[PDB]
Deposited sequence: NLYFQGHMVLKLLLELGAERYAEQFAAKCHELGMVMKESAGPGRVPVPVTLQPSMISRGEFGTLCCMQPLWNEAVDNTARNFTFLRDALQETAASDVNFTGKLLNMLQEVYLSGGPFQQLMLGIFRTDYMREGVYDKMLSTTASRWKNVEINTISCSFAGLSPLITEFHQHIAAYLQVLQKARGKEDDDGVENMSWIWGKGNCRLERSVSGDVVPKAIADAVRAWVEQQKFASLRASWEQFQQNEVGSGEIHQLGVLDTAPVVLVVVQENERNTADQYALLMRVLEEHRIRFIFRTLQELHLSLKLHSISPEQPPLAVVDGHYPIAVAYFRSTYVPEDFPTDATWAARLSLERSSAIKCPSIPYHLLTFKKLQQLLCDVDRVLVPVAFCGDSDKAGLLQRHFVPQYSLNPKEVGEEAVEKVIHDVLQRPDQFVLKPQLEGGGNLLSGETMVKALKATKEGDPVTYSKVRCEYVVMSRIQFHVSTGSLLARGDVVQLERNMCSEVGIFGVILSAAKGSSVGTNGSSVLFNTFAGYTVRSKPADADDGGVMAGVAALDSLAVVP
């Protein structure tokens, strides 16, 4: 994984890093330096990650099954409450207050917007060096998933090294190990993430789907009949992007949000939960339906797209929870709904491992057929609290069960897990555009994105009496982070 950096130096390029910072700026792969304005480049790898056509294909093909698992589970509210009550009684001020909302909104008789937009990412890591997959699933996340916007840019940056290197080689010369991603045609090709286009369109199509549900034109016509006597309704609704009080990953959200505006013609406005305390008002128009959420007494909110609320600190006040509840209570298709949010919790990525009490019945409704395909990428997990055979699982061979605990420290004795040595390598990486760091024991984490928009279990809502309006692979990103501290963005070159 140091071949690029080695070829560069040994082909007499000494000023490569300037260039690579310049290409970074062209594509707009950047981040604010701590001192005031003035953005500098993101941390990026000098080489892409290698991946079989087949293995890549498998990960892409399975995202719908993932999304579905999450939808099915998330909408199983009784299950969520029951299957998480102990984590709630433990973390009251966050995990608890989130479980309360599930209840007040979805589990009392109260009405609620049943459409939900998922923009998830499933993160796999490859197994080191059974018909199970080498790529084990290490992380599932449904809330403010990062890089769906930045990710494609990385491929264009890697295309640049490939070009530069081609000309540099020819210039000595020697194309003769070709590491064939450099010579674009066939055997190996840098695969551009489709997520910069698919995710803006999901958001787009969710706003559209909200408009059509509500008959927003008629909502206005009705609205106005009450004012035929203080603040008119906008003529289209908007995406409310909920941001943290200290916002980061900005380039990324713009790359997304700019496409929603320019390509799909829908306004995005940025709010903190705090700010919505005083901006957001619910407005009932039919008692038996979730209220319309106007912001500033004119913004109709079609989608509440969270780029926040995932960690406790974005809830520094009751007001913040008041505002967070207000949206959920509303009619905006949320991303994530609380249900979807609660499916990020590690406690459920564990539960999903139970392939017979949770995976098949709850998250696939008995389609053990489908369930069995996800299974391939599993790492067994095993709880520690009540159920008498939480001792038979501990009495079970050989120092291979997890910073984390493992080996001599774990031995001295939170949840059991099957130990997998993940594939590690050393990698050229470029930080701030001017420090080339040679990282060591660099893992690569491939994250395959999914977009889903679904209705109630059992509705007709989405065609072929589905209830799913759409469910699809949504591109990918790759993060290179050390096993054991900040990742670089990387990208896939697929070989067959």
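- Mapping the modelled residues onto the deposited sequence reveals missing stretches at 1-5, 135-140, 188-191, 245-253, 421-423, 430-437, 449-471, 543-550.
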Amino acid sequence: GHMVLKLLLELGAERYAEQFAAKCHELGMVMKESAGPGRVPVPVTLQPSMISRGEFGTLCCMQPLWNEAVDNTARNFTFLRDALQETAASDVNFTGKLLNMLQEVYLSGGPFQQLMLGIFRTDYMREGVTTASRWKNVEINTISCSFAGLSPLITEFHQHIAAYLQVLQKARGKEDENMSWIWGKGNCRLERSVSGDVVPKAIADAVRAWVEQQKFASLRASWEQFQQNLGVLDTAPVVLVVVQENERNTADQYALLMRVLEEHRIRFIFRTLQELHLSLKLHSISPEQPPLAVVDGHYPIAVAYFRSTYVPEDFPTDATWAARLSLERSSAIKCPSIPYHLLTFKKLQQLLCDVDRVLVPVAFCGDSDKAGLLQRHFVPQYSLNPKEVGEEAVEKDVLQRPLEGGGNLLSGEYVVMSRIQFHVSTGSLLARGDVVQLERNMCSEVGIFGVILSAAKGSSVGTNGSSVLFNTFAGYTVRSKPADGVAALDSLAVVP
From here on, numbers count along this sequence of modelled residues.
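- Taking the mean C-alpha B-factor of each stretch as recorded, 337-345 and 87-95 are not equal, and the higher mean is that of 87-95.
- Averaged over CA atoms, B-factors in the entry run higher in 376-384 than in the other of 303-311 and 376-384.
- In the PDB entry, the Cα temperature factor peaks, among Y414, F112, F216, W321, at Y414.
- When the C-alpha B factors of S222, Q350, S195, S326 are read from the deposited coordinates, the top value falls at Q350.
- Ranked within its chain, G390 lands in the highest third, by CA B factor from the PDB record.
- For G433, the recorded CA B-factor ranks within the lowest third of the chain. Only modelled residues enter the ranking.
- Ranked within its chain, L11 lands in the middle third, by CA B factor from the PDB record.
- For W183, the recorded CA B-factor ranks within the middle third of the chain. Only modelled residues enter the ranking.
- Among the modelled residues of its chain, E55 has a C-alpha B-factor that falls in the middle third, as given in the PDB entry.
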